[PDB]
$ cat structure_28.pdb   # PDB, C-alpha atoms
ATOM      1  CA  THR A 493      -4.633  56.461   3.369  1.00  0.00           C
ATOM      2  CA  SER A 494      -2.168  53.553   3.578  1.00  0.00           C
ATOM      3  CA  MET A 495      -4.834  51.032   4.680  1.00  0.00           C
ATOM      4  CA  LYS A 496      -6.874  52.233   1.698  1.00  0.00           C
ATOM      5  CA  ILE A 497      -4.057  52.405  -0.866  1.00  0.00           C
ATOM      6  CA  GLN A 498      -2.161  49.338   0.368  1.00  0.00           C
ATOM      7  CA  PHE A 499      -5.072  46.988   1.125  1.00  0.00           C
ATOM      8  CA  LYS A 500      -6.681  47.816  -2.237  1.00  0.00           C
ATOM      9  CA  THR A 501      -3.343  46.843  -3.820  1.00  0.00           C
ATOM     10  CA  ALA A 502      -3.223  43.804  -1.505  1.00  0.00           C
ATOM     11  CA  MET A 503      -6.751  42.726  -2.462  1.00  0.00           C
ATOM     12  CA  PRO A 504      -5.882  43.175  -6.154  1.00  0.00           C
ATOM     13  CA  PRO A 505      -2.574  41.319  -5.705  1.00  0.00           C
ATOM     14  CA  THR A 506      -4.383  38.674  -3.628  1.00  0.00           C
ATOM     15  CA  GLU A 507      -7.315  38.111  -6.013  1.00  0.00           C
ATOM     16  CA  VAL A 508      -4.956  38.097  -9.019  1.00  0.00           C
ATOM     17  CA  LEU A 509      -2.730  35.581  -7.226  1.00  0.00           C
ATOM     18  CA  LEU A 510      -5.709  33.633  -5.812  1.00  0.00           C
ATOM     19  CA  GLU A 511      -7.219  33.200  -9.294  1.00  0.00           C
ATOM     20  CA  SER A 512      -3.913  31.760 -10.536  1.00  0.00           C
ATOM     21  CA  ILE A 513      -2.781  30.149  -7.243  1.00  0.00           C
ATOM     22  CA  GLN A 514      -5.988  28.726  -5.699  1.00  0.00           C
ATOM     23  CA  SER A 515      -5.973  26.394  -8.714  1.00  0.00           C
ATOM     24  CA  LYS A 516      -2.293  25.627  -8.083  1.00  0.00           C
ATOM     25  CA  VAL A 517      -3.035  25.316  -4.336  1.00  0.00           C
ATOM     26  CA  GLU A 518      -5.660  22.658  -5.065  1.00  0.00           C
ATOM     27  CA  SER A 519      -3.133  21.052  -7.432  1.00  0.00           C
ATOM     28  CA  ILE A 520      -0.475  21.146  -4.698  1.00  0.00           C
ATOM     29  CA  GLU A 521      -2.838  20.349  -1.791  1.00  0.00           C
ATOM     30  CA  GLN A 522      -4.599  17.392  -3.448  1.00  0.00           C
ATOM     31  CA  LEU A 523      -1.105  16.025  -4.183  1.00  0.00           C
ATOM     32  CA  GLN A 524      -0.214  16.297  -0.470  1.00  0.00           C
ATOM     33  CA  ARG A 525      -3.206  14.105   0.423  1.00  0.00           C
ATOM     34  CA  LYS A 526      -1.727  11.447  -1.889  1.00  0.00           C
ATOM     35  CA  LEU A 527       1.419  11.254   0.292  1.00  0.00           C
ATOM     36  CA  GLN A 528      -0.795  10.695   3.346  1.00  0.00           C
ATOM     37  CA  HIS A 529      -2.362   7.639   1.651  1.00  0.00           C
ATOM     38  CA  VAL A 530       0.863   6.523  -0.069  1.00  0.00           C
ATOM     39  CA  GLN A 531       2.443   6.492   3.415  1.00  0.00           C
ATOM     40  CA  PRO A 532      -0.439   4.760   5.232  1.00  0.00           C
ATOM     41  CA  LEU A 533      -0.438   1.873   2.734  1.00  0.00           C
ATOM     42  CA  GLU A 534       3.376   1.703   2.888  1.00  0.00           C
ATOM     43  CA  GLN A 535       3.336   0.804   6.590  1.00  0.00           C
ATOM     44  CA  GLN A 536       0.629  -1.862   6.302  1.00  0.00           C
ATOM     45  CA  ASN A 537       2.636  -3.516   3.499  1.00  0.00           C
ATOM     46  CA  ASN A 538       5.879  -3.308   5.507  1.00  0.00           C
ATOM     47  CA  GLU A 539       4.024  -4.698   8.524  1.00  0.00           C
ATOM     48  CA  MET A 540       2.513  -7.497   6.424  1.00  0.00           C
ATOM     49  CA  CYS A 541       5.872  -8.121   4.740  1.00  0.00           C
TER      50      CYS A 541
ATOM     51  CA  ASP B 118       4.389  21.612  -7.750  1.00  0.00           C
ATOM     52  CA  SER B 119       6.881  19.685  -9.915  1.00  0.00           C
ATOM     53  CA  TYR B 120       8.950  18.754  -6.840  1.00  0.00           C
ATOM     54  CA  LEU B 121       5.846  17.270  -5.203  1.00  0.00           C
ATOM     55  CA  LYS B 122       5.315  14.933  -8.181  1.00  0.00           C
ATOM     56  CA  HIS B 123       8.872  13.575  -7.869  1.00  0.00           C
ATOM     57  CA  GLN B 124       8.255  13.069  -4.137  1.00  0.00           C
ATOM     58  CA  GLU B 125       4.955  11.240  -4.692  1.00  0.00           C
ATOM     59  CA  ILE B 126       6.071   8.706  -7.349  1.00  0.00           C
ATOM     60  CA  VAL B 127       8.941   7.561  -5.103  1.00  0.00           C
ATOM     61  CA  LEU B 128       6.492   6.345  -2.443  1.00  0.00           C
ATOM     62  CA  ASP B 129       4.407   4.283  -4.872  1.00  0.00           C
ATOM     63  CA  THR B 130       7.561   2.586  -6.224  1.00  0.00           C
ATOM     64  CA  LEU B 131       8.168   1.330  -2.668  1.00  0.00           C
ATOM     65  CA  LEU B 132       4.504   0.256  -2.483  1.00  0.00           C
ATOM     66  CA  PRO B 133       5.272  -2.058  -5.436  1.00  0.00           C
ATOM     67  CA  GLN B 134       8.616  -3.302  -4.071  1.00  0.00           C
ATOM     68  CA  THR B 135       6.855  -4.276  -0.834  1.00  0.00           C
ATOM     69  CA  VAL B 136       3.904  -5.710  -2.772  1.00  0.00           C
ATOM     70  CA  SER B 137       6.180  -8.001  -4.802  1.00  0.00           C
ATOM     71  CA  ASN B 138       8.282  -9.330  -1.910  1.00  0.00           C
ATOM     72  CA  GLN B 139       5.158  -9.841   0.231  1.00  0.00           C
ATOM     73  CA  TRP B 140       3.458 -11.921  -2.473  1.00  0.00           C
ATOM     74  CA  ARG B 141       6.798 -13.675  -3.084  1.00  0.00           C
ATOM     75  CA  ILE B 142       7.044 -14.889   0.516  1.00  0.00           C
ATOM     76  CA  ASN B 143       3.442 -16.135   0.459  1.00  0.00           C
ATOM     77  CA  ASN B 144       4.220 -17.833  -2.869  1.00  0.00           C
ATOM     78  CA  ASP B 145       6.975 -19.911  -1.230  1.00  0.00           C
ATOM     79  CA  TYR B 146       4.717 -20.816   1.711  1.00  0.00           C
ATOM     80  CA  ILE B 147       2.029 -22.081  -0.672  1.00  0.00           C
ATOM     81  CA  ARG B 148       4.262 -24.808  -2.113  1.00  0.00           C
ATOM     82  CA  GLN B 149       5.276 -25.921   1.386  1.00  0.00           C
ATOM     83  CA  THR B 150       1.622 -26.163   2.452  1.00  0.00           C
ATOM     84  CA  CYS B 151       0.796 -28.339  -0.576  1.00  0.00           C
ATOM     85  CA  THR B 152       3.901 -30.500  -0.119  1.00  0.00           C
ATOM     86  CA  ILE B 153       3.123 -31.527   3.468  1.00  0.00           C
ATOM     87  CA  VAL B 154      -0.672 -31.575   3.119  1.00  0.00           C
ATOM     88  CA  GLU B 155      -0.134 -34.426   0.659  1.00  0.00           C
ATOM     89  CA  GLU B 156       2.240 -36.186   3.061  1.00  0.00           C
ATOM     90  CA  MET B 157      -0.367 -35.871   5.834  1.00  0.00           C
ATOM     91  CA  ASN B 158      -2.958 -37.269   3.413  1.00  0.00           C
ATOM     92  CA  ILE B 159      -0.601 -40.199   2.740  1.00  0.00           C
ATOM     93  CA  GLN B 160      -0.179 -40.767   6.482  1.00  0.00           C
ATOM     94  CA  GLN B 161      -3.917 -40.775   7.237  1.00  0.00           C
ATOM     95  CA  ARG B 162      -4.682 -43.251   4.444  1.00  0.00           C
ATOM     96  CA  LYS B 163      -2.042 -45.613   5.837  1.00  0.00           C
ATOM     97  CA  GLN B 164      -3.418 -44.993   9.337  1.00  0.00           C
ATOM     98  CA  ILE B 165      -6.921 -46.083   8.321  1.00  0.00           C
ATOM     99  CA  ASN B 166      -5.541 -49.152   6.538  1.00  0.00           C
ATOM    100  CA  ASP B 167      -3.856 -50.495   9.691  1.00  0.00           C
ATOM    101  CA  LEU B 168      -6.916 -49.626  11.777  1.00  0.00           C
ATOM    102  CA  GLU B 169      -9.080 -52.020   9.755  1.00  0.00           C
ATOM    103  CA  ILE B 170      -6.231 -54.419   8.920  1.00  0.00           C
ATOM    104  CA  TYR B 171      -5.537 -55.134  12.594  1.00  0.00           C
ATOM    105  CA  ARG B 172      -9.261 -55.838  13.094  1.00  0.00           C
ATOM    106  CA  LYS B 173      -9.645 -58.190  10.126  1.00  0.00           C
ATOM    107  CA  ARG B 174      -6.630 -60.220  11.310  1.00  0.00           C
ATOM    108  CA  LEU B 175      -8.112 -60.666  14.786  1.00  0.00           C
TER     109      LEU B 175
END

$ encode --input "structure_28.pdb" --output "C-alpha cells"
Amino acid sequence: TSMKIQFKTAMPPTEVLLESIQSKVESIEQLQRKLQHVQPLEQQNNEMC
Amino acid sequence: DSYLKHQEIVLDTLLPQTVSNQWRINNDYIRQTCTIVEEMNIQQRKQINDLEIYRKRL
C-alpha cells in the first residue's frame, strides 16, 4: 500500500521536479564543465607566465 | 545556479590577468631581441670589412 501510495507520489514529485529541474540541472551542470576548462587554461597560462 | 555564475566569472578574470602579464613579459623581451640583433648586425658588418681590408693591404 505504501510502495503504491508513496512511490506514485514520488514519481509525481520526481517528474514534476524533473521537468523543472532537469532543465536547471543542465543549466547547472553545463556551467560546471566551464569551471573544468576555465581551470585547465588557468594553469597553462600560469605555467607559461 | 546564481552562485555558480559568480564562481565562474572569477576564474576568467584571472585568465585575463595572466594573459596580460604573460604578453607583457614577451613584449619586453621583443625590444631586447631587436636591440641586440642590430648590434650583432653591426659587429658582423665590421667583421667582414676587416676580413677583406687585411687582405687588400697585404

$ atom_distance --input "structure_28.pdb" --atom1 "CA of residue 142 in chain B" --atom2 "CA of residue 539 in chain A"
13.3 Å

$ resolve_selection --input "structure_28.pdb" --expression "the PyMOL selection byres ((chain B) within 12 of (chain A))" --output "short mmCIF file (atom, residue, chain, number, x, y, z; two decimals) with C-alpha atoms, in the frame of the given file"
data_model
loop_
_atom_site.label_atom_id
_atom_site.label_comp_id
_atom_site.auth_asym_id
_atom_site.auth_seq_id
_atom_site.Cartn_x
_atom_site.Cartn_y
_atom_site.Cartn_z
CA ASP B 118 4.39 21.61 -7.75
CA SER B 119 6.88 19.68 -9.91
CA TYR B 120 8.95 18.75 -6.84
CA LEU B 121 5.85 17.27 -5.20
CA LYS B 122 5.32 14.93 -8.18
CA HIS B 123 8.87 13.58 -7.87
CA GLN B 124 8.26 13.07 -4.14
CA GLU B 125 4.96 11.24 -4.69
CA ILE B 126 6.07 8.71 -7.35
CA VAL B 127 8.94 7.56 -5.10
CA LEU B 128 6.49 6.34 -2.44
CA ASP B 129 4.41 4.28 -4.87
CA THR B 130 7.56 2.59 -6.22
CA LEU B 131 8.17 1.33 -2.67
CA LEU B 132 4.50 0.26 -2.48
CA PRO B 133 5.27 -2.06 -5.44
CA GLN B 134 8.62 -3.30 -4.07
CA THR B 135 6.86 -4.28 -0.83
CA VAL B 136 3.90 -5.71 -2.77
CA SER B 137 6.18 -8.00 -4.80
CA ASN B 138 8.28 -9.33 -1.91
CA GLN B 139 5.16 -9.84 0.23
CA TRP B 140 3.46 -11.92 -2.47
CA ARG B 141 6.80 -13.68 -3.08
CA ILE B 142 7.04 -14.89 0.52
CA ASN B 143 3.44 -16.14 0.46
#

$ atom_distance --input "structure_28.pdb" --atom1 "CA of residue 525 in chain A" --atom2 "CA of residue 505 in chain A"
27.9 Å

$ atom_distance --input "structure_28.pdb" --atom1 "CA of residue 514 in chain A" --atom2 "CA of residue 494 in chain A"
26.8 Å

$ axis_aligned_box --input "structure_28.pdb" --around "range 162-167 of chain B" --padding-each-side "6 Å" --output "AutoDock Vina command-line options"
--center_x -4.5 --center_y -46.9 --center_z 7.1 --size_x 16.9 --size_y 19.2 --size_z 17.2
